[PDB]
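The block underneath contains the structure these notes are about, expressed in structure tokens.
When a ligand or atom number is given, it counts from 1 through the structure's own listing order. So you know, we letter chains A, B, ... as the sequences are listed, proteins then strands, and number each from 1. Heavy-atom basis, side chains included; hydrogens, waters and symmetry copies ignored.
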Amino acid sequence: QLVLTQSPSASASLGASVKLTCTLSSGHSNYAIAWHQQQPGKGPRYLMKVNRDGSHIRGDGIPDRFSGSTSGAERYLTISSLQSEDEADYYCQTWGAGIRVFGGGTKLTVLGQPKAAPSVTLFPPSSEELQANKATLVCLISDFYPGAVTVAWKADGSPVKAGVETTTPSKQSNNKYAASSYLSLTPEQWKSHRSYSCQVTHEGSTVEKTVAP
Amino acid sequence: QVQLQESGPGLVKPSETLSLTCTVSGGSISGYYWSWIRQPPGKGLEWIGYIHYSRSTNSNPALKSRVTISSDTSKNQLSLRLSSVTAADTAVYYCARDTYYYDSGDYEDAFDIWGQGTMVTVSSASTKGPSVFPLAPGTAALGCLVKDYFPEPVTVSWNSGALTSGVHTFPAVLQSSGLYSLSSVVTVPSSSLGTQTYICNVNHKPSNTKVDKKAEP
Ligand SMILES: CC(=O)N[C@@H]1[C@@H](O)[C@H](O)[C@@H](CO[C@@H]2O[C@H](CO[C@@H]3O[C@H](CO[C@@H]4O[C@H](CO[C@@H]5O[C@H](CO)[C@@H](O)[C@H](O)[C@H]5NC(C)=O)[C@@H](O)[C@H](O)[C@H]4NC(C)=O)[C@@H](O)[C@H](O)[C@H]3NC(C)=O)[C@@H](O)[C@H](O)[C@H]2NC(C)=O)O[C@H]1O
């Protein structure tokens with residue numbers, strides 16, 4: 001019955017502090033834990049060990065803005081001067097007798113980040129792809145925040161809904177989101193229209209890029 | 001510096017056995033427990049098991065009947081074998097350095113060094129390598145379209161790794177065919193579209209595909 005209980009989410013504002021809680025099961029309430037951080041798209045990294053007396057020891061190179069503490073069965077991770085890079089899933093983990101177990105993870109959202117408009121690049125099919133008897137329009141969407149856009153495709157002004165595939169947005173190195181949308185055509189379709197357009201809508205603002213054969 | 005590096009096939013057919021290795025450099029494996037951990041796409045971390053070569057091994061009770069963990073001191077290496085794999089075993093697999101046990105029986109609990117992770121996909125679909133096409137038209141964007149491959153991942157570099165600033169490789173789209181496609185773009189000076197040559201280098205390890213593509217306007 002060794003269980004580490006974490007709330008699935010937490011949130012706090014830029015520059016402020018946040019306290020994350022891990023609760024040990026009652027049969028194991030005196031156990032030490034470790035905190036691990038997993039930033040989006042990355043592997044986990046160790047932050048610190050928190051002992052039953054409330055003392056903690058940070059991993060090599062982990063800054064002092066991360067601290068830990070103990071009250072009863074609860075173990076805490078405190079993060080001060082929150083930055084966008086602290087958006088991550090935080091996992092507590094412990095050492096049982098012959099077993100290790102992880103909590104379910106807490107996803108930390110850092111509020112108050114500035115709005116950022118997407119940058120959009122639209123590419124036509126390459127000659128080499130046309131030589132493979134395919135045609136793909138590639139609409140790449142970067143650097144936006146918050147992380148939601150919608151995409152609409154047009155050919156000579158008319159909506160195009162067949163052949164469209166679009167990814168979900170995901171967080172990037174620069175703390176902004178990215179997505180991409182693909183429009184599959186035949187070579188004949190591509191060559192028959194005067195132009196195709198990718199229209200990206202973000203927070204009520206629509207930008208448009210166009211390509212022509 | 002102690003470093004951990006997982007490796008294994010990225011594709012496993014259902015009901016067959018997944019074999020992974022954790023190669024440790026910069027220090028010896030002796031005295032520590034070494035743990036295996038996994039994470040299904042978009043889910044939490046799950047401990048698989050651990051090994052201390054000269055003391056004990058054990059594994060998650062949910063997985064114990066299928067888990068074999070061992071070590072090879074001559075290679076400074078840990079191994080995981082997971083038999084009769086299912087879709088639930090699609091995950092990124094990690095190794096990590098765990099508790100140290102001293103000769104006397106005392107020990108120091110730890111979980112302080114993680115490996116990079118290796119991605120494993122369980123699927124009956126055969127591996128398929130990508131077709132790669134150039135993407136071309138202040139700054140300018142050039143890119144490479146990496147089409148119709150399976151399973152994830154592919155890596156993309158530019159100019160053999162000499163170009164890293166302004167390189168953005170986008171997350172893959174998964175098509176109704178069951179195949180992936182992604183794009184990689186480099187942002188460059190407009191003036192340099194004559195001062196420079198741009199080549200994307202695409203690696204798809206499961207199909208042993210390595211191709212280079214020139215991207216020019
Ligand atoms: C067949 C098979 O696989 N058998 C395995 C066998 O291999 C394995 O060895 C055993 C034991 O497995 C280990 O289990 C422990 C946790 O056990 C619980 O320990 C609780 C105490 O917490 C630990 O205290 C240690 C000492 O702390 C120091 O005490 C001083 C005196 O009071 C004090 O002055 C210091 O300040 C204390 N130091 C600190 C830092 O606080 C400490 O070193 C450990 O880190 C502590 N562990 C944890 C998790 O906090 C005790 O109250 C419980 O009764 C124990 N529970 C049980 C069920 O025994 C793990 O720490 C260790 O990692 C395990 N080792 C392995 C190899 O898994 O299990 C068999 O099943």
Do any heavy atoms of [X] fall under 4.0 Å from ligand 1?
X        : answer
A/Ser55  : no
B/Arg55  : yes
B/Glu108 : no

Are [X] and [Y] linked by a side-chain donor-acceptor pair shorter than 3.5 Å?
X        : Y        : result
B/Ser157 : B/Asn201 : yes
B/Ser183 : A/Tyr182 : yes
A/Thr106 : A/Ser7   : no
B/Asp148 : B/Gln175 : yes

Under 6.0 Å from the ring centre and within 45 degrees of the ring axis: does the NZ or CZ of A/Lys171 meet both conditions for the six-membered ring of A/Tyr177? no

Looking at ligand 1, does any of its N/O atoms fall within less than 3.5 Å of an N/O of A/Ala32?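 Among all N and O atoms of A/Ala32, at least one is under 3.5 Å from an N or O of ligand 1.
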
Geometry only, no angles: is A/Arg52 polar-contacting ligand 1 at N/O separations under 3.5 Å?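 Between A/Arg52 and ligand 1, an N or O pair is found under 3.5 Å apart.
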
Quick one: does B/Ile113's side chain get under 4.5 Å of A/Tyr46's, heavy atoms only?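 Result no, sub-4.5 Å side-chain heavy-atom pair not found.
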
Is the shortest side-chain heavy-atom distance between B/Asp109 and B/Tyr100 below 4.5 Å? no

A/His56: what forms a side chain to side chain donor-acceptor pair (under 3.5 Å) with it, not counting sequence neighbours? none

Closest non-hydrogen protein atom to [atom], residue and atom name please, with distance?
atom                    : answer
atom 1 (C) of ligand 1  : B/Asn58 ND2, 4.4 Å
atom 52 (O) of ligand 1 : A/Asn30 ND2, 2.9 Å
atom 49 (C) of ligand 1 : A/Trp95 O, 3.1 Å
atom 64 (C) of ligand 1 : A/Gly96 O, 3.5 Å
atom 63 (O) of ligand 1 : B/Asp109 OD1, 2.7 Å

What residue pairs, at least two apart or across chains, pass salt bridge (charged side-chain N to carboxylate O under 4.0 Å, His left out) with a residue in residues 88-104 of chain B?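 Listed by first then second residue: A/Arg100-B/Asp98, B/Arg38-B/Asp89, B/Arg66-B/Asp89, B/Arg97-B/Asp112.
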
Distance below 4.0 Å between [atom] and any protein heavy atom?
atom                    : answer
atom 4 (N) of ligand 1  : no
atom 39 (C) of ligand 1 : no
atom 54 (O) of ligand 1 : no
atom 47 (N) of ligand 1 : yes
atom 36 (O) of ligand 1 : no

Looking at every heavy atom in both B/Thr90 and B/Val122, which two are closest together, and how far apart are they? OG1-N, 3.0 Å

Ligand 1 atoms in contact with [X] (distance to a heavy atom under 4.0 Å):
X        : result
B/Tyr50  : 66 (C), 67 (C), 68 (O)
B/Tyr33  : 67 (C)
A/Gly98  : 12 (O), 68 (O), 69 (O)
B/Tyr101 : 9 (O), 13 (C), 64 (C), 65 (N), 66 (C), 67 (C)

As a check for students: among A/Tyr31, B/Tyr100, B/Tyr107, identify the option with a heavy atom nearest to atom 43 (O) of ligand 1. B/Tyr107

Please work out which of A/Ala97, A/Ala34, B/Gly105 has its closest non-hydrogen atom nearest to atom 71 (O) of ligand 1. A/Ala97

Pick one of side chain, backbone, both or neither for how A/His28 approaches ligand 1, counting any non-hydrogen atom pair under 4.0 Å. neither

Between B/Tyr102 and B/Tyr107, does the ring centre distance come in under 6.0 Å?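 Not under 6.0 Å, so no.
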
Would you please indicate yes or no on a ring centroid separation below 6.0 angstrom for B/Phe111 and A/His36? yes

Starting from the C-alpha separation in whole Å, work towards a yes-or-no answer on side-chain hydrogen bond (donor to acceptor under 3.5 Å, both in side chains) for A/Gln38 and B/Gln39. CA-CA 11 Å; A/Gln38 183 173 34; B/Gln39 176 163 234; 3.2 Å; yes

